[PDB]
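Step one of this worksheet: look at the structure below.
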Amino acid sequence: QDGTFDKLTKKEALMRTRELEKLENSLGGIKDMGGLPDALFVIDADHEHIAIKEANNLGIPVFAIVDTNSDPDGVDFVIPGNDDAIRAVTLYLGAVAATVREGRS
Amino acid sequence: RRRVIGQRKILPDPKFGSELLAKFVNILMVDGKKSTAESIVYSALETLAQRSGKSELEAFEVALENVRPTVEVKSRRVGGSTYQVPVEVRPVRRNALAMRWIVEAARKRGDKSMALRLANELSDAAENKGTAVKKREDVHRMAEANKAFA
Amino acid sequence: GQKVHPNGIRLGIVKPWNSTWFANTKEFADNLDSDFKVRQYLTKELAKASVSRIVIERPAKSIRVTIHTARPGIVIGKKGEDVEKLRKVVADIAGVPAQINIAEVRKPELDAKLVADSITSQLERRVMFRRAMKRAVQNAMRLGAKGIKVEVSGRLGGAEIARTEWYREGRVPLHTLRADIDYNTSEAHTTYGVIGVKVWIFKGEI
RNA sequence: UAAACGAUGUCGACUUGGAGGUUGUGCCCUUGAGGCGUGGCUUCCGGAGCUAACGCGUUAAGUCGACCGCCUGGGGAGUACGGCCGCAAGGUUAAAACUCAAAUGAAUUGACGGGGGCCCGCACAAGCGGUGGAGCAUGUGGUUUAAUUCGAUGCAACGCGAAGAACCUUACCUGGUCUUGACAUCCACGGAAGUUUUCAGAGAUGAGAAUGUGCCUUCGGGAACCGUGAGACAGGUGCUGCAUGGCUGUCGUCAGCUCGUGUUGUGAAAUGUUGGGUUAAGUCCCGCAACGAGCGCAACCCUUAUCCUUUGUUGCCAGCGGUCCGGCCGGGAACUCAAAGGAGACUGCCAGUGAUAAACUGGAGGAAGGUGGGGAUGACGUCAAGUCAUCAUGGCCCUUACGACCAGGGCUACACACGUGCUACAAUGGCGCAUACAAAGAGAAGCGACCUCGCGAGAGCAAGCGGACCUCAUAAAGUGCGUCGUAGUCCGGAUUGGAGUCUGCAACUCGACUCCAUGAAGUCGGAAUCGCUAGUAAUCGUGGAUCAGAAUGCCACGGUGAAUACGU
RNA sequence: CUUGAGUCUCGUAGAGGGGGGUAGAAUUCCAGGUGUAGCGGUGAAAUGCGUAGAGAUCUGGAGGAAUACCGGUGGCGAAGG
């Protein structure tokens, strides 16, 4: 925002804005805090076996909702759920949200 | 190769208002001479009417049908081996080669001047001779007879 | 040779000058020659000044040449002698009643000539080419110069091997026009051939 | 006997799955093909587990058990000998001497191919224009010479260095001449010098003579120079880029380089950076164990494609006074032109292809559609590349000298070959006539206005200007006018000698220019070959720098102006 | 003792062997007819075959050897096969 104001150019800075807005579109969730989250609540296993493969290699509790196609040897608190049927995943995440919004008691 | 270029857009004839005639002077340009061609080819084309004795705006093609090409050699060394492989003429060459078939024998014919030497060969095609004519006589030989390798 | 000098190709930006002035044809050439006489006999005689640059401005028949130097106390001479005597030097070696000026160089770590002077000052110190080379690199980094790739000329070691020293550190975007890279080199007449050094300080932008 | 091989001894037990194949069979409406099961044999994936590894992986190379055969570094050697067998060929059993320190296996990153597919580029293709044909100018190779100096002389030299060679230049040869010079710093000596004349010499220099003799001069005698002598001397384009710096060319405006972190692997390492499209790209997006970053491409520069802010003098003259009709003066700076700042094209949008994405396309807007158009910008690297003859530069030299001054010549000499360019070979041209036709530049030691002649060269005269104020400098091809109708030609211009103009003392060698005669080869150039992507080719001229002078070379500007590019 | 191993009842598949015949195409050869100057061969070539009748064609006849198609990552066998 400050660079496009007066620094060197108008149009090139605008190009950088319209491009790196895509960069900020990436990384949308993690963007607030210093990193190293307490735990993890991935919504599948096969699609992101790399995610669990990193969190267990680092020692973070994976709160997965395994499909039945998946490979539950890596997960931490496996949940024999169904990952498709978006209705279902919405229900799961709604319950999790209800829990976490006042887990502070 | 993979990319293509469109045909350059051309304004019509500055004198007859026909783009096809305007393109014609553009091929004969050697030494950058259209103003000389004004006294050479434009002086030639002006005489082409009365010598023909008819309107040279659409009767201008009454000597060009035989000139219509059909094939030319395309050097496809496919896989590293040069072949005959004559591809059928596409519109961006079958008309360009028609103009390429005109002044091959009209520079130093030993006459008054090529201001009107070219004004000798044109009616010859609708008088059944001239340079553009025998061009199609040799094309028929290279194709339509070598089916075992064409 | 494919490495054009980056400063002059960026001279169209705030990149400074060292002889900027005006003339007609009847007196460009002699005035240019007068500028070299002051340009050369103010460097050989001024080895210890650690001069960054001497800049020539010629307003009217009495010029205001300024000198970019490292230590303010050392360039004074014996308290104004070099101010006068070199003005005496220029009063005839340039042919005008000139006026000398002296400019300091704050943080001489920030000048590509002065650092290249510093390494060259210690190249002839009979030291090995690697340890001393990298040691100075971070010194600027602790004091800025957000990027420098450091180069030392050929003839390293007792052998025919005359190689280069690429050794990039930081950001030196040469092809980027908005780079304002600080470049000057230095060379040392060694007991065996020619040993030089090339350094590209990156002084931020604009 | 076999590469008799699944290079896996037989037998048994246990141990996640998937997809096939072939052959039985049980149940199910087999309705049927089959569904649900069950057998056997069988091919291919694959985590556990095992393996050095590849790989095996319920048909194990897994986890165990029972027996049997074999191995113990490579060669010698499956060989000698003995035996047994075989008609014989020969099989089997099976060593040793001696020799070496390895021989091996899996795989990794280079990779060379007379693997392969792909994809890029006037690479090829399709045309154009060419060179090579001639004749002229230069350069390279050779010959001669005193030298015809040196370097480069496969792609990447040969109109190169060397931006302008009569002497000079020029580093070469000869001749004459000086040898602390002719270069420069430091010594001795005295005094300024400078200049004006001589004599000889070609000058070099030598013999000079004088006018001289400025200033500090706690008055040397310096500051200076003059002229000579001893020395530290310098000095030499004198040897080494295959000692160098720097610089330059080379792939190559190449997209490829990588690095950190992360992951995989016992590890060499891989990944990223690959694949699906996409593009100028390591381009974008898609996924991808890669995520970031850096060098690269790209833009950030300049010019150019529109208009606007600010401005009109010389320049434009819209409008006003006449026109001092050219816009001259005023005068507007409307405004051509001009410049201090900007904006405008940015996939921006309609629509679509296309995974929606990216990308791409059709369309629209606006002067400007997908880096608008051009240059500046050459990554890692790359080659003993070249450069010590530009300079600097280690080492090698000699210093009355492989240092030097001066005078002739020679770098252009020829016996030829080549490199480059130009000129033609004409009537797309020539003649002269009328005609309108630009831009960029340069310059008070200059162009030189103008004025006279020279057929011209240029000369005699000369404004002006410090250059939006003066010249070069008019454009040129071009068109209409007659013209020859291809004439070895009014082509072409060599060519020669004559006549002359200027440049510079002086220009045969080795100035230019003009006039005259000169009218040659060559009438479009083979083997062939190369260049060419829009204002392109093609051209037409214009000037500039380099210039005492002496461009077909080179820089810069305009005038006119097409096709080729489907294609890997 | 019955689970290891084997016998019997019963069918299923198979280039599993051994011995017999048998068919047709195909090369070759021989005889016949027609008529003819080349045939073959390779990167070009001669040796070769041939003017007599070769090649080519159809008509037959002899012989020997293997079994196109199905056919398969199929099947069988202790291996060879």
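Chain lettering (A, B, ...) mirrors the order of the structure tokens, residue numbering begins at 1 for each chain separately, and ligand numbering begins at 1 in order of display.
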- Which residues come within 9 Å of residue 77 (chain A), counting only C-alpha atoms (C1' of nucleotides), excluding same-chain residues fewer than 6 positions away, as a PyMOL selection string? chain A and resi 61-65
- Find the residues around region 56-73 of chain E up to 10 Å (only C-alpha atoms (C1' of nucleotides) counted), leave out those fewer than 2 positions away in its own chain, and share them as a PyMOL selection string. (chain D and resi 21+43-44) or (chain E and resi 25-26+28-34+36+75)
- Using only C-alpha atoms (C1' of nucleotides), determine which residues of chain D fall within 6 Å of chain B; present them as a PyMOL selection string. chain D and resi 125+427-428+485+538-539+561-562+567
Could the residues in this selection be written to a file with C-alpha atoms (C1' of nucleotides), as a PDB file, in the first residue's frame?
```
ATOM      1  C1'   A D 125      11.443 -24.983 -45.793  1.00  0.00           C
ATOM      2  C1'   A D 427      16.528   2.000 -71.522  1.00  0.00           C
ATOM      3  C1'   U D 428      13.187   0.315 -64.046  1.00  0.00           C
ATOM      4  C1'   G D 485      15.386   1.040 -78.409  1.00  0.00           C
ATOM      5  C1'   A D 538      14.855  -3.577 -51.824  1.00  0.00           C
ATOM      6  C1'   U D 539      16.660   0.820 -52.635  1.00  0.00           C
ATOM      7  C1'   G D 561       8.837   1.300 -50.734  1.00  0.00           C
ATOM      8  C1'   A D 562       6.316  -5.901 -51.345  1.00  0.00           C
ATOM      9  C1'   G D 567       5.366 -26.196 -41.259  1.00  0.00           C
TER      10        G D 567
END
```
Strand (DSSP E) call set, DSSP backbone run, region 32-119 of chain C, as a PDB file with C-alpha atoms, in the first residue's frame:
```
ATOM      1  CA  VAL C  51      40.026   9.487  -1.122  1.00  0.00           C
ATOM      2  CA  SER C  52      36.593   8.352  -2.228  1.00  0.00           C
ATOM      3  CA  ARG C  53      36.288  10.832  -5.092  1.00  0.00           C
ATOM      4  CA  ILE C  54      37.408  14.241  -6.319  1.00  0.00           C
ATOM      5  CA  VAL C  55      34.640  16.172  -8.059  1.00  0.00           C
ATOM      6  CA  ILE C  56      35.250  19.060 -10.462  1.00  0.00           C
ATOM      7  CA  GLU C  57      32.758  21.910 -10.782  1.00  0.00           C
ATOM      8  CA  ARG C  58      33.729  25.012 -12.762  1.00  0.00           C
ATOM      9  CA  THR C  66      35.506  18.964  -3.919  1.00  0.00           C
ATOM     10  CA  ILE C  67      37.329  15.908  -2.586  1.00  0.00           C
ATOM     11  CA  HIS C  68      35.628  12.910  -0.960  1.00  0.00           C
ATOM     12  CA  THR C  69      37.858  11.674   1.871  1.00  0.00           C
ATOM     13  CA  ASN C 101      36.827  21.709  -1.305  1.00  0.00           C
ATOM     14  CA  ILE C 102      37.040  18.615   0.887  1.00  0.00           C
ATOM     15  CA  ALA C 103      34.130  16.251   1.536  1.00  0.00           C
ATOM     16  CA  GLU C 104      34.022  13.641   4.279  1.00  0.00           C
TER      17      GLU C 104
END
```
- Residues near residue 153 (chain D), cut-off 12 Å, only C-alpha atoms (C1' of nucleotides), skip fewer than 2 positions along chain, as a list in words: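 Contacts, with the query itself left out: residues 139, 140, 141, 151, 156, 157, 158, 160, 418 and 419 of chain D.
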- Item | Close residues, residue 139 (chain C) itself excluded, 12 Å, only C-alpha atoms (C1' of nucleotides), min 5 positions apart in chain, as a ChimeraX atom specification | /C:107-110,115,132-134,144-148
As a PDB file with C-alpha atoms, in the first residue's frame, could you give me every residue of chain A near chain C (at most 12 Å apart, counting only C-alpha atoms)?
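Below is the file that was written, result_12.pdb:
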```
ATOM      1  CA  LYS A   7       7.845   5.631  -3.971  1.00  0.00           C
ATOM      2  CA  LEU A   8       8.912   4.914  -7.568  1.00  0.00           C
ATOM      3  CA  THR A   9       6.025   4.132  -9.946  1.00  0.00           C
TER       4      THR A   9
END
```
Wanna dump the chain C-chain D contacts at 10 Å for me, each residue with its shortest atom pair and the distance in Å to one decimal, counting only C-alpha atoms (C1' of nucleotides), ordered by chain and number, as a tab-separated table?
```
residue	atom	partner	partner_atom	distance
C:1	CA	D:248	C1'	5.2
C:2	CA	D:378	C1'	6.0
C:3	CA	D:378	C1'	7.8
C:4	CA	D:377	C1'	8.7
C:6	CA	D:377	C1'	9.3
C:9	CA	D:376	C1'	7.9
C:10	CA	D:301	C1'	8.3
C:12	CA	D:301	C1'	7.7
C:13	CA	D:301	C1'	9.2
C:24	CA	D:466	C1'	9.4
C:25	CA	D:443	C1'	9.7
C:26	CA	D:444	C1'	9.8
C:153	CA	D:245	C1'	7.1
C:154	CA	D:244	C1'	7.3
C:155	CA	D:244	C1'	6.7
C:158	CA	D:243	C1'	10.0
C:159	CA	D:243	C1'	8.5
C:160	CA	D:243	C1'	6.2
C:161	CA	D:243	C1'	8.9
C:162	CA	D:244	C1'	7.8
C:168	CA	D:295	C1'	9.3
C:169	CA	D:294	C1'	9.4
C:170	CA	D:294	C1'	7.9
C:171	CA	D:294	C1'	7.3
C:172	CA	D:295	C1'	8.9
C:173	CA	D:295	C1'	8.2
C:174	CA	D:377	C1'	8.4
C:175	CA	D:377	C1'	5.7
C:176	CA	D:300	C1'	6.7
C:177	CA	D:300	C1'	5.4
C:178	CA	D:300	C1'	5.4
C:179	CA	D:300	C1'	8.9
C:187	CA	D:245	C1'	7.7
C:188	CA	D:245	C1'	9.2
C:189	CA	D:393	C1'	7.7
C:190	CA	D:394	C1'	7.8
C:191	CA	D:394	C1'	6.3
C:192	CA	D:394	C1'	3.9
C:193	CA	D:394	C1'	4.2
C:194	CA	D:245	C1'	5.2
C:195	CA	D:245	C1'	6.8
C:196	CA	D:245	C1'	6.9
C:197	CA	D:245	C1'	9.9
```
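In chain D, the set of residues within 10 Å of chain A (atoms considered: only C-alpha atoms (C1' of nucleotides)) is residues 47, 262, 263, 289, 299, 300 and 346 of chain D.
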Using the selection just defined, write its residues with N, CA, C and O atoms (P, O5', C5', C4', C3', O3' and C1' of nucleotides) as a PDB file, in the first residue's frame.
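Wrote again.pdb, looks like this:
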```pdb
ATOM      1  P     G D  47       5.753 -50.383  -1.669  1.00  0.00           P
ATOM      2  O5'   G D  47       5.603 -50.485  -0.079  1.00  0.00           O
ATOM      3  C5'   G D  47       5.198 -49.369   0.702  1.00  0.00           C
ATOM      4  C4'   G D  47       4.632 -49.734   2.060  1.00  0.00           C
ATOM      5  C3'   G D  47       5.430 -50.696   2.926  1.00  0.00           C
ATOM      6  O3'   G D  47       6.448 -50.062   3.671  1.00  0.00           O
ATOM      7  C1'   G D  47       3.136 -51.341   2.911  1.00  0.00           C
ATOM      8  P     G D 262      16.199 -28.005   7.705  1.00  0.00           P
ATOM      9  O5'   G D 262      15.004 -28.653   6.887  1.00  0.00           O
ATOM     10  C5'   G D 262      13.671 -28.277   7.167  1.00  0.00           C
ATOM     11  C4'   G D 262      12.697 -28.936   6.232  1.00  0.00           C
ATOM     12  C3'   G D 262      12.919 -30.404   5.964  1.00  0.00           C
ATOM     13  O3'   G D 262      12.477 -31.222   7.024  1.00  0.00           O
ATOM     14  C1'   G D 262      12.439 -29.302   3.948  1.00  0.00           C
ATOM     15  P     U D 263      13.139 -32.660   7.247  1.00  0.00           P
ATOM     16  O5'   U D 263      12.508 -33.537   6.095  1.00  0.00           O
ATOM     17  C5'   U D 263      11.109 -33.684   6.004  1.00  0.00           C
ATOM     18  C4'   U D 263      10.755 -34.299   4.694  1.00  0.00           C
ATOM     19  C3'   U D 263      11.486 -35.581   4.386  1.00  0.00           C
ATOM     20  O3'   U D 263      10.910 -36.706   5.001  1.00  0.00           O
ATOM     21  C1'   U D 263      11.649 -34.160   2.552  1.00  0.00           C
ATOM     22  P     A D 289       3.740 -35.002  -3.694  1.00  0.00           P
ATOM     23  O5'   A D 289       4.907 -35.401  -2.694  1.00  0.00           O
ATOM     24  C5'   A D 289       6.255 -35.443  -3.133  1.00  0.00           C
ATOM     25  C4'   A D 289       6.843 -34.063  -3.245  1.00  0.00           C
ATOM     26  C3'   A D 289       8.326 -34.039  -3.564  1.00  0.00           C
ATOM     27  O3'   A D 289       8.629 -32.825  -4.250  1.00  0.00           O
ATOM     28  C1'   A D 289       7.968 -33.023  -1.483  1.00  0.00           C
ATOM     29  P     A D 299      11.000  -5.912 -20.365  1.00  0.00           P
ATOM     30  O5'   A D 299       9.693  -5.075 -20.007  1.00  0.00           O
ATOM     31  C5'   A D 299       8.892  -5.414 -18.878  1.00  0.00           C
ATOM     32  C4'   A D 299       8.840  -4.286 -17.881  1.00  0.00           C
ATOM     33  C3'   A D 299       9.554  -3.013 -18.324  1.00  0.00           C
ATOM     34  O3'   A D 299       8.909  -1.893 -17.719  1.00  0.00           O
ATOM     35  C1'   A D 299      10.578  -3.833 -16.379  1.00  0.00           C
ATOM     36  P     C D 300       9.400  -0.395 -18.033  1.00  0.00           P
ATOM     37  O5'   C D 300      10.374  -0.062 -16.819  1.00  0.00           O
ATOM     38  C5'   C D 300       9.847   0.298 -15.553  1.00  0.00           C
ATOM     39  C4'   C D 300      10.931   0.681 -14.579  1.00  0.00           C
ATOM     40  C3'   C D 300      12.117   1.442 -15.147  1.00  0.00           C
ATOM     41  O3'   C D 300      11.844   2.823 -15.301  1.00  0.00           O
ATOM     42  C1'   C D 300      12.859  -0.243 -13.635  1.00  0.00           C
ATOM     43  P     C D 346       1.429  -0.885 -21.235  1.00  0.00           P
ATOM     44  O5'   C D 346       1.650  -2.161 -20.308  1.00  0.00           O
ATOM     45  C5'   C D 346       0.681  -3.198 -20.253  1.00  0.00           C
ATOM     46  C4'   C D 346      -0.172  -3.076 -19.017  1.00  0.00           C
ATOM     47  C3'   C D 346      -1.066  -4.260 -18.692  1.00  0.00           C
ATOM     48  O3'   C D 346      -0.372  -5.307 -18.040  1.00  0.00           O
ATOM     49  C1'   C D 346      -2.270  -2.227 -18.439  1.00  0.00           C
TER      50        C D 346
END
```
- Message: Let's see if you can do this: from backbone DSSP, list all alpha helix (DSSP H) residues in region 3-97 of chain A, as a PyMOL selection string.
- Response: chain A and resi 11-25+49-58+86-97
Could those residues be written to a file, using N, CA, C and O atoms, as a short mmCIF file (atom, residue, chain, number, x, y, z; two decimals), in the first residue's frame?
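That gives us selection.cif:
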```
data_model
loop_
_atom_site.label_atom_id
_atom_site.label_comp_id
_atom_site.auth_asym_id
_atom_site.auth_seq_id
_atom_site.Cartn_x
_atom_site.Cartn_y
_atom_site.Cartn_z
N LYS A 11 2.11 2.35 -11.94
CA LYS A 11 1.56 1.21 -12.64
C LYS A 11 2.28 -0.08 -12.28
O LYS A 11 1.64 -1.12 -12.12
N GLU A 12 3.61 -0.04 -12.15
CA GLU A 12 4.34 -1.25 -11.79
C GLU A 12 3.97 -1.70 -10.38
O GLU A 12 3.78 -2.90 -10.13
N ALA A 13 3.84 -0.75 -9.46
CA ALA A 13 3.39 -1.09 -8.11
C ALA A 13 1.98 -1.67 -8.13
O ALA A 13 1.67 -2.59 -7.36
N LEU A 14 1.12 -1.16 -9.01
CA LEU A 14 -0.21 -1.74 -9.14
C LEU A 14 -0.15 -3.17 -9.67
O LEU A 14 -0.93 -4.03 -9.24
N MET A 15 0.76 -3.44 -10.62
CA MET A 15 0.94 -4.81 -11.09
C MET A 15 1.38 -5.72 -9.96
O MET A 15 0.90 -6.85 -9.83
N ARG A 16 2.30 -5.24 -9.12
CA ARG A 16 2.74 -6.05 -8.00
C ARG A 16 1.60 -6.29 -7.03
O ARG A 16 1.47 -7.38 -6.46
N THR A 17 0.74 -5.29 -6.84
CA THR A 17 -0.44 -5.48 -6.01
C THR A 17 -1.32 -6.58 -6.58
O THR A 17 -1.66 -7.54 -5.88
N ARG A 18 -1.68 -6.48 -7.86
CA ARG A 18 -2.61 -7.44 -8.44
C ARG A 18 -1.99 -8.82 -8.58
O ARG A 18 -2.72 -9.79 -8.81
N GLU A 19 -0.67 -8.92 -8.49
CA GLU A 19 -0.09 -10.25 -8.53
C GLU A 19 0.04 -10.86 -7.14
O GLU A 19 -0.42 -11.98 -6.90
N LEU A 20 0.65 -10.13 -6.21
CA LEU A 20 0.92 -10.67 -4.89
C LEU A 20 -0.31 -10.66 -4.00
O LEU A 20 -0.28 -11.25 -2.90
N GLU A 21 -1.41 -10.04 -4.44
CA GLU A 21 -2.69 -10.37 -3.86
C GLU A 21 -2.98 -11.86 -4.01
O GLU A 21 -3.61 -12.46 -3.14
N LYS A 22 -2.50 -12.48 -5.09
CA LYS A 22 -2.64 -13.93 -5.20
C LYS A 22 -1.76 -14.65 -4.18
O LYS A 22 -2.16 -15.69 -3.64
N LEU A 23 -0.59 -14.09 -3.88
CA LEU A 23 0.25 -14.66 -2.84
C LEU A 23 -0.45 -14.62 -1.49
O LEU A 23 -0.44 -15.60 -0.74
N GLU A 24 -1.06 -13.48 -1.16
CA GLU A 24 -1.80 -13.40 0.10
C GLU A 24 -3.08 -14.21 0.05
O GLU A 24 -3.59 -14.60 1.11
N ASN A 25 -3.63 -14.45 -1.13
CA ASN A 25 -4.72 -15.40 -1.25
C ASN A 25 -4.26 -16.78 -0.85
O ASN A 25 -4.95 -17.49 -0.11
N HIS A 49 -1.52 -37.19 3.29
CA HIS A 49 -0.60 -38.04 4.04
C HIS A 49 0.72 -37.34 4.32
O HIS A 49 1.41 -37.69 5.28
N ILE A 50 1.09 -36.37 3.50
CA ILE A 50 2.28 -35.58 3.79
C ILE A 50 2.06 -34.72 5.02
O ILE A 50 2.99 -34.52 5.82
N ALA A 51 0.85 -34.22 5.22
CA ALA A 51 0.59 -33.37 6.38
C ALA A 51 0.80 -34.13 7.68
O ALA A 51 1.54 -33.69 8.57
N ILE A 52 0.17 -35.30 7.81
CA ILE A 52 0.41 -36.13 8.97
C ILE A 52 1.86 -36.57 9.01
O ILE A 52 2.47 -36.65 10.08
N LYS A 53 2.45 -36.82 7.84
CA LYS A 53 3.82 -37.30 7.83
C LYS A 53 4.76 -36.26 8.40
O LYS A 53 5.83 -36.60 8.90
N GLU A 54 4.38 -34.98 8.33
CA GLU A 54 5.18 -33.94 8.95
C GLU A 54 4.81 -33.68 10.40
O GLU A 54 5.70 -33.46 11.23
N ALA A 55 3.53 -33.74 10.74
CA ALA A 55 3.13 -33.43 12.11
C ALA A 55 3.57 -34.51 13.09
O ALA A 55 3.92 -34.20 14.23
N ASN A 56 3.54 -35.78 12.68
CA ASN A 56 4.05 -36.81 13.57
C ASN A 56 5.57 -36.77 13.64
O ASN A 56 6.14 -36.95 14.72
N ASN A 57 6.23 -36.52 12.51
CA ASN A 57 7.68 -36.33 12.53
C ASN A 57 8.07 -35.17 13.41
O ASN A 57 9.23 -35.09 13.84
N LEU A 58 7.15 -34.25 13.68
CA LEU A 58 7.45 -33.16 14.59
C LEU A 58 6.77 -33.30 15.94
O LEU A 58 7.22 -32.67 16.90
N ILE A 86 -20.14 -33.70 1.74
CA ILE A 86 -19.79 -32.41 2.32
C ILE A 86 -20.71 -32.05 3.49
O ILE A 86 -20.28 -31.41 4.45
N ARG A 87 -21.97 -32.48 3.41
CA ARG A 87 -22.86 -32.37 4.56
C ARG A 87 -22.20 -32.93 5.82
O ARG A 87 -22.20 -32.29 6.88
N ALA A 88 -21.62 -34.12 5.71
CA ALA A 88 -21.01 -34.75 6.87
C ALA A 88 -19.88 -33.90 7.42
O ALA A 88 -19.84 -33.61 8.62
N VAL A 89 -18.96 -33.47 6.55
CA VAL A 89 -17.80 -32.73 7.04
C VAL A 89 -18.24 -31.41 7.65
O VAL A 89 -17.66 -30.95 8.64
N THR A 90 -19.28 -30.78 7.08
CA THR A 90 -19.83 -29.58 7.71
C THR A 90 -20.33 -29.88 9.11
O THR A 90 -20.10 -29.09 10.04
N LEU A 91 -21.00 -31.01 9.29
CA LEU A 91 -21.46 -31.37 10.63
C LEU A 91 -20.29 -31.57 11.58
O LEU A 91 -20.31 -31.08 12.72
N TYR A 92 -19.26 -32.29 11.12
CA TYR A 92 -18.09 -32.52 11.97
C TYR A 92 -17.47 -31.21 12.40
O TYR A 92 -17.20 -30.98 13.59
N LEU A 93 -17.22 -30.32 11.44
CA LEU A 93 -16.55 -29.07 11.75
C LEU A 93 -17.44 -28.16 12.58
O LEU A 93 -16.93 -27.39 13.40
N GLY A 94 -18.76 -28.23 12.41
CA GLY A 94 -19.64 -27.48 13.28
C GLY A 94 -19.54 -27.93 14.72
O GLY A 94 -19.48 -27.11 15.64
N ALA A 95 -19.50 -29.25 14.94
CA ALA A 95 -19.31 -29.75 16.30
C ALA A 95 -17.97 -29.30 16.86
O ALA A 95 -17.88 -28.83 18.01
N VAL A 96 -16.91 -29.40 16.06
CA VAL A 96 -15.58 -29.01 16.52
C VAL A 96 -15.56 -27.52 16.86
O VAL A 96 -14.94 -27.11 17.85
N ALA A 97 -16.21 -26.70 16.03
CA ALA A 97 -16.28 -25.27 16.31
C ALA A 97 -17.02 -25.01 17.61
O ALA A 97 -16.58 -24.21 18.44
#
```
- Task: For residue 38 (chain C), please output as a PyMOL selection string all residues within 8 Å (counting only C-alpha atoms (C1' of nucleotides); exclusion window: fewer than 5 positions along the same chain).
- Result: chain C and resi 90+93-94
Can you spit out the residues from that selection as a PDB file, in the first residue's frame, using N, CA, C and O atoms?
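New file again31.pdb:
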```pdb
ATOM      1  N   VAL C  90      46.849  23.815  -8.084  1.00  0.00           N
ATOM      2  CA  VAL C  90      45.826  23.908  -9.121  1.00  0.00           C
ATOM      3  C   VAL C  90      45.775  25.292  -9.757  1.00  0.00           C
ATOM      4  O   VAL C  90      45.324  25.423 -10.903  1.00  0.00           O
ATOM      5  N   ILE C  93      48.375  24.529 -12.506  1.00  0.00           N
ATOM      6  CA  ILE C  93      48.235  23.247 -13.189  1.00  0.00           C
ATOM      7  C   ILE C  93      46.883  23.137 -13.877  1.00  0.00           C
ATOM      8  O   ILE C  93      46.711  22.305 -14.775  1.00  0.00           O
ATOM      9  N   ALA C  94      45.911  23.957 -13.474  1.00  0.00           N
ATOM     10  CA  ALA C  94      44.653  24.079 -14.190  1.00  0.00           C
ATOM     11  C   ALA C  94      44.487  25.424 -14.879  1.00  0.00           C
ATOM     12  O   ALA C  94      43.644  25.540 -15.776  1.00  0.00           O
TER      13      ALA C  94
END
```
- Message: Report, in Å with one decimal, the straight-line distance from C1' of residue 258 (chain D) to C1' of residue 380 (chain D).
- Response: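 Between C1' of residue 258 (chain D) and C1' of residue 380 (chain D) the gap is 7.8 Å.
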- Gap from CA of residue 103 (chain B) to CA of residue 121 (chain B) - Å, one decimal: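 Separation of CA of residue 103 (chain B) and CA of residue 121 (chain B): 9.0 Å.
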- Message: Using only C-alpha atoms, can you tell me which of B:70, B:22, B:64, B:138 comes closest to residue 9 (chain B)?
- Response: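 Of B:70, B:22, B:64, B:138, the one nearest residue 9 (chain B), counting only C-alpha atoms, is B:22.
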- Task: Figure out the distance between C1' of residue 342 (chain D) and CA of residue 14 (chain C), please, to one decimal in Å.
- Result: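 Going from CA of residue 14 (chain C) over to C1' of residue 342 (chain D), I get 21.1 Å.
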